[PDB]
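Trainee: After the structure tokens below, expect a handful of questions from me.
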């Protein structure tokens, strides 16, 4: 809705930075709204959905098993590892690692999963071979969050991200069991509190993945819809703002409000 566009323009003016935005019908694939959909934005932790997407693709091929247990060291623990720091002795399964990566945004869990698939270059190769020749991951956690101006490393466009997410959740790439698993992990997201979920009415379905980085980097990707079933995909990014985390959350929150209001 045009009223959602002005909120994005409102967000742009108040934050003093670019705001990437796109709205996409989950079923048909028709873009309902798009603001700067061809510009690049830092992915931040939103890449962790694409990460486990490649992981599930390997699971389908038999190259990976969700029950496989991975042990790791203390030297592997990077900043913000709320789950993986608790399992140095017993280790964690691939399933548990993806759960920590998508629900808790465990940075160490993400790196461990990246090692399984062959690193960021292989995640980029994965996205490339599913028709996404725009999105690229170059670095590991937490270096991928640097968000240097005009740096195209670890970035994406709202359009590429939205269509990629749709193809993972509902596309022909992954099996039915894996599509359900990925959206289940997203539905159980714990660290997207003051965003789209803040404007989400009761009974509405949401499965998302938020992100935060340096230099005012904020973002979220989500499949949601009323009556407990997802019907649209929403992708929103921003970077460059000197604003606090609080306003960046509330700006994206206000964008979600008009989205719901003019559903």
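Along the chain as shown, residues are numbered 1 onward.
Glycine residues also receive a Cβ, built from the backbone N, Cα and C atoms like all the rest.
Dumping what Swiss-Prot says about this protein:
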ACT_SITE  45  active site, acyl-ester intermediate
ACT_SITE  143  active site, proton acceptor
BINDING   209, 210, 211  substrate binding site
DISULFID  52-98  disulfide bond
Trainee: What subset of the recorded positions 45, 52, 98, 143 lies within 10 angstroms of residue 209 (substrate binding site) at the C-alpha level?
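Mentor: Passing the 10 Å Cα cut: 45.
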Trainee: Under a three-state reading of DSSP, tell me whether residue 52 (disulfide bond) is helix, strand or coil.
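Mentor: For residue 52 (disulfide bond) - judged by DSSP and reduced to three states - the answer is helix.
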Trainee: Which are the residues of the chain, 209, 210, 211 excluded, whose CB is within 8 A of where the CB atoms of the substrate site average out, their centroid?
Mentor: 44, 45, 46, 48, 105, 189, 191, 192, 208, 212, 219, 220, 221
Trainee: Given the recorded positions 143, 209, 210, 211, which one is most crowded in terms of C-beta atoms within 10 angstroms?
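Mentor: Of the recorded positions 143, 209, 210, 211, the most buried by Cβ count within 10 Å is 209.
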Trainee: Per DSSP, to which secondary structure element type does residue 45 (active site, acyl-ester intermediate) belong, with helix, strand and coil as the options?
Mentor: helix
Trainee: Rounded to the nearest Å, what's the C-alpha distance separating residue 143 (active site, proton acceptor) and residue 210 (substrate binding site)? Just drop the number here, would you?
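Mentor: That comes out at 17 Å between the alpha carbons.
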